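S.K.: Take this structure, written in structure tokens, and hold onto it; I'll ask about it next.
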Ligand SMILES: *[C@@H]1O[C@H](CO)[C@@H](O[C@@H]2O[C@H](CO)[C@@H](O[C@@H]3O[C@H](CO)[C@@H](O[C@@H]4O[C@H](CO)[C@@H](O[C@H]5O[C@H](CO)[C@@H](O[C@@H]6O[C@H](CO)[C@@H](O)[C@H](O)[C@@H]6O)[C@H](O)[C@@H]5O)[C@H](O)[C@@H]4O)[C@H](O)[C@@H]3O)[C@H](O)[C@H]2NC(C)=O)[C@H](O)[C@H]1NC(C)=O
Ligand SMILES: *[C@@H]1O[C@H](CO)[C@@H](O[C@@H]2O[C@H](CO)[C@@H](O[C@H]3O[C@H](CO[C@H]4O[C@H](CO)[C@@H](O)[C@H](O)[C@@H]4O)[C@@H](O[C@@H]4O[C@H](CO)[C@@H](O)[C@H](O)[C@@H]4O)[C@H](O)[C@@H]3O)[C@H](O)[C@H]2NC(C)=O)[C@H](O)[C@H]1NC(C)=O
Ligand SMILES: *[C@@H]1O[C@H](CO)[C@@H](O[C@@H]2O[C@H](CO)[C@@H](O)[C@H](O)[C@H]2NC(C)=O)[C@H](O)[C@H]1NC(C)=O
Ligand SMILES: OC[C@H]1O[C@@H](O[C@H]2[C@H](O)[C@@H](O)[C@@H](O)O[C@@H]2CO)[C@H](O)[C@@H](O)[C@H]1O
Ligand SMILES: [Fe+3]
Ligand SMILES: [Zn+2]
Ligand SMILES: [Zn+2]
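Numbering (the deposited numbering), first residue to last: 342 to 676, 681 to 686.
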């Protein structure tokens, strides 16, 4: 029983994984794939046990029988009394961010502008934004809405990958793993921060964590929060301090998924591992920390306080909520119950 195999997506996650595997005395081992979809396949086949996923992928995995096990949980003011592990999850805000200096750019004039997306099929980076654009546009030709973009996971020869940079050497352009410079919440923001794009589809937390010296990275050093603005759906523009009233949607937290015949086992090992390398672990700070990786969100988001039990032992639809499942369904009919593998 007692040994779990984690699936890392890309070289960087594999590096962090190997370290975790070592510090765990092999209670956790690693498997590597080039993409999130391939990691899902390895789990299906039973060659890997689990991995943490953005809601967009939880949906894909769910149609294939995988189940949400434990979810990421970040610090909250309200719901201060209960422990992190038993507290319900709040969800994150998906926002559209722009440069203040780009005066006059509103939600209603995004057509033909340049965009930065975390990656195709993800909640805040893709499903929410394109789901809304398809809807208001009446068209499915969402590949022709922005003049150019960087949407990791699309066809490299297409304009949707036009703005992506690849790795240190230009290799791997547009792959949906961290080797791509503008991949994920951080890459998408960098894409905008460096003015590669006009708008970026990330989450509220990303702006705060890479501005006002929160990120020591070279491209974020000098970034100032007041030089950014959120795009609201009412065609208005607000300070990043107002995400509560200028977001596109509230997304369900990323969560660890596994095959159901493995969940009980994955869950148990994870909570113990968490007591060891979690936020207040026996060994986190001194030897190793699961939720740390220098602004890179490798394996887990850097702002995870802990992985929380779920309660209501929800199926994937319940976890994602009727709201969002419906959003994804309506967008996917443009590309209807699957196991899309
Ligand atoms: C967008 O995304 C942003 C990034 O994730 C996010 O900002 C982050 O928010 C968190 C919290 O939401 C900030 O963390 C907090 O920072 C402070 C100082 O840096 C830390 O120190 C304290 O922590 C205490 C623990 O919660 C906290 O007490 C809380 O609980 C009490 C009692 O229940 C309650 O207090 C009330 O205060 C009154 C004061 O006079 C008092 O009279 C009244 O009776 C009552 O008791 C509050 O609920 C209170 O919050 C202290 O207040 C301090 O926070 C703490 O460790 C914590 O980490 C992050 O710093 C911030 N990140 C960054 C980089 O800015 C935004 O919130 C997101 N935006 C939206 C809208 O979602
Ligand atoms: C893009 O555009 C598409 C197409 O319009 C859009 O999909 C549409 O989204 C609507 C909203 O999600 C769907 O309507 C839903 O509303 C009814 C009511 O649901 C609820 O709210 C009440 C009141 O708050 C709650 O009490 C209740 O919990 C419901 O959740 C849904 O069904 C209701 O269910 C209750 C019981 O739970 C019944 O008593 C009622 O009779 C009623 O049936 C309904 O099933 C929908 O979920 C609308 O269906 C949907 N259109 C299509 C064709 O799918 C996308 O949301 C847009 N995407 C984006 C990204 O925005
Ligand atoms: C690997 O898993 C085993 C099982 O949890 C861990 O061994 C237990 O550790 C606790 C604390 O040391 C002991 O009280 C138990 O008696 C141990 N034996 C069991 C339950 O089989 C071990 O700590 C784990 N190793 C790491 C580094 O995570
Ligand atoms: O697929 C149904 C699940 O929805 C989850 O929550 C949604 C809810 O449906 C919607 O009405 C609103 O309340 O927002 C929630 C998302 O934050 C339920 O919590 C889950 O139990 C299912 O019923
Ligand atoms: Fe996400
Ligand atoms: Zn809202
Ligand atoms: Zn249920």
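The C-beta atom is built at its ideal place from N, Cα and C for all residues, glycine as well.
Just the Cα atoms here: how many angstroms apart are residue 354 and residue 503?
M.R.: Taking the straight line from one Cα to the other gives about 25 Å.
S.K.: Run through the DSSP bridge pairs and tell me what residue 345 is partnered with.
M.R.: Paired residue(s): 369.
S.K.: Using a strict less-than 6 Å threshold between each residue's beta carbon and the heavy atoms of ligand 6, what residues do you get?
M.R.: Ordered along the chain, the selected set is 588, 591.
S.K.: Note down the Cα distance separating residue 544 from residue 451, rounded to an integer number of angstroms.
M.R.: When rounded, the distance between both Cα atoms is 18 Å.
S.K.: Under the three-state reduction of DSSP, which class applies to residue 685: helix, strand or coil?
M.R.: Coil at residue 685, not helix or strand.
S.K.: Looking only at DSSP bridge pairs, what is residue 409 linked to?
M.R.: 598.
S.K.: Does residue 457 pass the burial test, meaning 16 or more other C-beta atoms within 10 Å, or should it be called exposed?
M.R.: Burial call: buried.
S.K.: Given this structure, state the Cα-to-Cα distance separating residue 597 from residue 653, to the nearest angstrom.
M.R.: Looking at the two C-alpha atoms, the distance is approximately 16 Å.
S.K.: One question on the structure: do residue 632 and residue 645 come within less than 8 Å of each other, judged by their Cβ atoms?
M.R.: Yes, these two residues count as a Cβ contact at 8 Å.
S.K.: Assuming residue 533 and residue 440 are in contact, meaning their beta carbons sit under 8 Å apart, how far apart are those beta carbons, in whole angstroms?
M.R.: With a Cβ gap of about 7 Å, residue 533 and residue 440 count as contacting.
S.K.: Per DSSP, which residues does residue 632 bridge with? Please list them.
M.R.: None, per the DSSP bridge assignment.
S.K.: Whole-angstrom Cβ separation of residue 638 and residue 525, contact assumed at under 8 Å?
M.R.: Their Cβ separation, rounded to whole angstroms, is 6 Å, which keeps residue 638 and residue 525 in contact under 8 Å.
S.K.: What are the partner residues of residue 570, as DSSP defines its beta bridges?
M.R.: Per DSSP, 439.
S.K.: Who does residue 455 pair with in a DSSP beta bridge?
M.R.: Per DSSP, 489.
S.K.: Quick check on DSSP: helix, strand or coil for residue 531?
M.R.: Three-state result, residue 531: helix.
S.K.: May I have all residues whose beta carbon comes closer than 7 Å to any heavy atom of ligand 1, sorted in chain order?
M.R.: Checking every Cβ against the heavy atoms of ligand 1 under 7 Å gives 415, 416, 417, 418, 419, 421, 434, 545, 546, 549, 550, 555, 584, 585, 644.
S.K.: Which of the three DSSP states, helix, strand or coil, is assigned to residue 516?
M.R.: Looking at residue 516 - three-state DSSP - the assignment turns out to be coil, as it is neither helix nor strand.
S.K.: What would DSSP say about residue 672, mapped onto helix, strand or coil?
M.R.: Correct three-state label for residue 672: helix.
S.K.: Is DSSP giving residue 581 helix, strand or coil here?
M.R.: In the structure shown, residue 581 sits in a helix (DSSP, three-state: H, G or I).
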